[PDB]
Each structure stands twice: as C-alpha cells, then as structure tokens.
Amino acid sequence: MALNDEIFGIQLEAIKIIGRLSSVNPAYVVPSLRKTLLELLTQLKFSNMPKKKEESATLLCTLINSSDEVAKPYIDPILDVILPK
Amino acid sequence: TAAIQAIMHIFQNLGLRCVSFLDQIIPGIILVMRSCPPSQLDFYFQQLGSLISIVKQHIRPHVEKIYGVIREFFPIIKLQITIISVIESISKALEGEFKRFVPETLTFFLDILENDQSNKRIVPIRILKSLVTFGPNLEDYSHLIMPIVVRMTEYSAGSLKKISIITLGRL
Amino acid sequence: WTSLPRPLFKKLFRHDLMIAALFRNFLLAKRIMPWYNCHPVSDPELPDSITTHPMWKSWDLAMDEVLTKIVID
Amino acid sequence: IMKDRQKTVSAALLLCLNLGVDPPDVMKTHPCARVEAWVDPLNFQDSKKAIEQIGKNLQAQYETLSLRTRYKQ
Amino acid sequence: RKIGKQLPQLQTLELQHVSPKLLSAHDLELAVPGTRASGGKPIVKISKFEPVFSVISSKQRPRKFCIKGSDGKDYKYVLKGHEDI
C-alpha cells in the first residue's frame, strides 16, 4: 500500500522493493504484481493529464527493470499502449 | 416543441405499454439532436431524462447511441446540469449493467470537476452526489477519481470540501 | 479452510464428496454472482470474507497463464 | 472421521422451462438471456430442447461431480 | 404410432439438419430452376438458401422453398414428391 503514496520517490523505490521480493516469496507477490501492472496500464491510457502520464510511464520503467518474472508474457498489452504514444 | 411534448404527455400518462415504439422514437429523436441550436437542447435532454425515468431497461439497445450523442455534444455551452441529470437518470434506471462504460462517464466527470466550480460549486456538489450513487460499481476502477477526491480536500474552498470528504466516506 | 471455522469446515467439506463439490462451487458463486447485483445464500451461512479473499488473484493468474498458451497455440 | 457416510445416490432435476412463453409478472427486453446449459433454444424448434437436450447436457455435466449417482429428469 | 406421432411435429426443416452439403451449395452458375429464354436472357445466379423451410398438411406434405437471388429478390418455389409433375 506504499505503492500509492504522496511523493513519487516513495513509489519509485517501493516498486523496486516489490520487484526484488518477486523471487523470494513469489506466490504472494506475482499476482499482486499482475494486479498493479493492469491498474497502471489502464490508467496510462484512460488518464488525460501529462504529469500522471509521466509518473505512470516511469513507474512502468522501474517496475520492468526491477522484476523480470512479470515481464515477458505481458509484452503485447504493454506495447499496445506505449507504441502509439 | 409541440411534437415532442405530445409524446412526452402520452407516454407519461400511459406507462410501460407503448414501449414497442422505442425502435422508432429514439432514432427519430437523434436526428432532431443532430441539427438544432443550443436554445432547445436543454429542453430536449430534460425530456429525454423524463423518458428514461419512466422507461428503464428497454433503452439498452440505444445507450451507446445516447453516450455517442453526449460525446460529440459535450461542450461548455450545453447545460452541464442537464447532462449530469441525464447521466444520473440512466444510471439509476439501468442499475447493474453499468460496467461496460464506467470510464466514459468517469472521464466526463473529471472534465466537469476540472472545468468550472463557480456559483458556490453547485455542479461539483451535484457531481459529488452523483459519484456516491454508483455504489459497488467501482470495484475495479477505483484508482482514477479516488486520488482526485483525495486531492480536492485541501486544494479548494470550504463549501464543497465537506461534500468531498462525505463522498470519500460514503465510497 | 482459511475462512471457515473448524466444525463447519468438517461438516461441509470432509464428510461426502457430492456435497463437498457443490459447496466448493458455491464458494466460486459467492464471488462471481455478486459482480452482477445478485447475492447468493446458503442455509448454513458462510462468512463474507470469501468474495474479498486475497487468494483469488493466483487463480486469475493461472487462467491467464493457461489462456496465453491457448492463444499462442 | 467416524466413518458415518450419508451418501447421495439419487437426484431430481426439476426444469420448469416452457420455451417460447414468458411469465406475466416480469417485463423483458426484446433481446434477452435465453441460452440454457450451453444449448440455444432457437437452433432447435419447439421441444427437442425443451427438456430432452437441456436436461441431457445438465445430467452429463452433473456426472463429473459424482459418477456413482444415477439421474432421472 | 411413434412415427405418425412425430411426423406432425416437424413444421420446419433445418437446412443443416437435413443436408450439410446445402450449406456449401452456393456459387454455382446454374440458374434458378424456372428461368429460360432463347436469345436475350440475363444470367440468373444462385446465391443462397434460407435455413428454414415449412410443410403443408396435404397427405403428401410439400416443402415451401426459397432462394436468395443475385438480383436481390427472393425466388420462391414449392417442392413436391410422390406426384409426377
């Protein structure tokens, strides 16, 4: 629940902590990672304000760098939004 | 106006038995929507809300058409109060199949919130009374307005501040 | 097992296979059906933590994993 | 468990579906929910699916939960 | 008894039920079986058949039949059997 906080640096480091834990206890991490990935992908295209777009895009950057397990199978939905941007 | 108030009157007096003509009337009213000055658009949408409040579910094969009408006619010059009255009427008359199209009305709600808040913010007050009516509907889309209504409890005046916090509590 | 109390869990899930399978499916009903403004009811009442239990996300991910293989096939 | 087993052996499948006519207490939209147990009532004319297909499919699906129970509709 | 009980319960014959080949029976240059004109004659192109038929209680039970025409106008015939025409 620290993934949604006031300062953007808190989110930037908390998603990295989540990505690091994505190989320790993955049973309770990976589905939640899927949920927040879907939430961010929905907001990235249904939101209409540039700072929100910025935060979503670089949150996706730091998540995709910090966790490779939730990366590969979701390449098509994660590209269908970013590619026409 | 006479041609529309006649149909309004007969439907209102008769009830849920002339519903077989919905395949003709609403396609007959969208053409009237298409070419008309903003002088009577308020009256047209008010009478359409009156149709909705008496005919609930059989509008289902035309709800995409009514949101299409609102989408290609959603300016400031159109009565935003009448538009949100239409939205609350169709939501209340529909009550459950709303999932297919939450983001459209939700983005319209964002635009209404962030466009105008003048005259004691009566339209923001109405929209905060409209967002609470949606009920369990936000079980998967509760990440767009909830940060917004969290933000607008310290970045605005005090007339609608308590309205926003009551909206937060009720949601 | 996580949600129910132990005597009720024993009464409903360990005694016979037919009733066990039907209430197993009722657990899925108590989540799927309330998405459409209808709430199911059982005669031995069950706690309402079923529809908000966090564990369903793994089942959703399991469907995603299988259906990706189906679509790539 | 005390090995006291109350098995299920028999089932009654009450299916009050007279396809084509609606009850007079519930209004309906012209397109409505009409598929029943994965068989459509428009592909079959009057009564080849009123019972003798819906019930057959329903019994075949109930066979998966317990194959040692006999059914009669 | 059983055949004569079920026989008055078929007021409509399904095209896929009576013939799977009728579904593909299209795009053949043969004209509708009633048109013939020496010299000046437009080409009649058979396009499609409706899936549903009908019967008439006549002690021989004919079949009303229709064809979707390339001209866009339906061509309706009636098929009879056990009677020389």
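Residues numbered from 1 in each chain as written, not as in the entry; some residues may be left out. Chains lettered and ligands numbered in written order. Part of a larger assembly, values for the part shown. Heavy atoms only, no water. Residues with missing side-chain atoms left out of burial classes, pairs and counts.

- The deposited coordinates derive from cryo-EM, with the record listing a resolution of 3.87 Å.

- The name given to chain B in the PDB entry is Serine/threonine-protein kinase TOR2, with Saccharomyces cerevisiae as the source organism.

### Concerning the arrangement of the chains
Inference 1: Here the protein chains form 6 pairs of chains in contact, of which the pair with the most contacts is chains C and D.
Inference 2: One finds no contact linking chain A with chain E; the least C-alpha distance across the pair is 37 Å. (Contact = heavy atoms within 4.5 Å.)

### Description of the side chain of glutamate 63 of chain D
All names here are of chain D.
Inference 1: Note that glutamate 63 resides in helix 1 (residues 54-65).
Inference 2: Of the side chains with opposite charge, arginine 68 lies nearest to the buried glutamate 63, which makes no salt bridge, at 6.7 Å.
Inference 3: Ignoring sequence-local partners within four residues, the contact set of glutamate 63 consists of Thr69 and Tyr71. (Helix = DSSP H or I, 4+ residues; strand = E, 2+ residues; numbered from the N terminus. Buried < 20%, exposed > 50% of the residue type's maximum accessible area, 1.4 Å probe, protein only. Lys, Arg positive; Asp, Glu negative; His and termini not counted. Salt bridge = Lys/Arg side-chain N within 4 Å of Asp/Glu carboxyl O.)

### Side note on the nonpolar core
A general feature of soluble globular proteins is that nonpolar side chains tend to end up buried together.
Residues and elements named next belong to chain B.
Inference 1: Ranked by size, the top nonpolar core spans 53 residues in total, and within it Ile26, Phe45 and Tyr67 carry the most contacts.
Inference 2: Elements that contribute at least two residues to this core include exactly helix 1 (2-14), helix 2 (22-34), helix 3 (41-54), helix 4 (63-72), helix 5 (80-94), helix 6 (102-115), helix 7 (122-131) and helix 8 (145-151).
Inference 3: Counting residues per element, this core draws most heavily on helix 5, which supplies 7 residues.
Inference 4: The residues contacting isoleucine 26, other than those within four sequence positions of it, are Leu48, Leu51, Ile59 and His62. (Core = buried A, V, L, I, M, F, W, Y, C linked by side-chain atoms within 4.5 Å.)

### Section: the interface of chain D and chain C
Inference 1: Tallying the contact residues gives 8 residues for chain D and 8 residues for chain C.
Inference 2: When the two sides are added together, the surface that chain D and chain C hide from each other amounts to roughly 670 Å², 64% of it contributed by carbon and sulfur.
Inference 3: Here chain D and chain C share 0 salt bridges between them.
Inference 4: The residue makeup of the side of chain D that touches chain C, split by class, is 3 nonpolar, 3 polar and 2 charged. (Buried area = accessible area lost by both parts, 1.4 Å probe. Nonpolar A, V, L, I, M, F, W, Y, C, P; charged D, E, K, R; others polar.)

### Quick notes on unusual backbone geometry
Inference 1: One non-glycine residue, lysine 120 of chain B, lies in positive phi territory at about 65°.
Inference 2: Checked against the element boundaries, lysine 120 of chain B lands in the loop between helix 6 and helix 7.
Inference 3: Its identity is not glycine, yet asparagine 37 of chain C carries a phi of approximately 50°, on the positive side.
Inference 4: Along the chain, the position of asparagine 37 of chain C falls in the loop between helix 2 (17-32) and helix 3 (56-72).
Inference 5: Exposure remark for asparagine 37 of chain C: the relative accessible area of 52% places this residue in the exposed category.

### A word on the environment of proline 84 of chain A
Residue and element names in this part refer to chain A.
Inference 1: Secondary-structure assignment places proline 84 in the segment after helix 4 (75-82).
Inference 2: The class of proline 84 is exposed, set by a relative accessible area of 60%.
Inference 3: In sequence terms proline 84 and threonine 58 are 26 residues apart; their C-alpha atoms lie 16 Å from each other.

### Things to note about a nonpolar patch on the surface
Residues and elements named next belong to chain C.
Inference 1: A cluster of nonpolar side chains, namely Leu28, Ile32, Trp59, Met63, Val66, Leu67 and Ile70, defines an oily patch on the protein surface of about 660 Å² accessible area.
Inference 2: Counting only elements with at least two residues in the nonpolar patch, the list comes to helix 2 and helix 3.
Inference 3: With 5 residues, helix 3 is the single largest residue contributor to the nonpolar patch.
Inference 4: Looking at where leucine 67 falls in the secondary structure, it is placed in helix 3. (Patch = residues over 30% accessible without salt bridge, like charges linked within 9 Å, V, L, I, M, F, W, Y side chains within 5 Å. Areas by Shrake-Rupley, 256 points an atom, 1.4 Å probe, with all protein chains shown as cover.)

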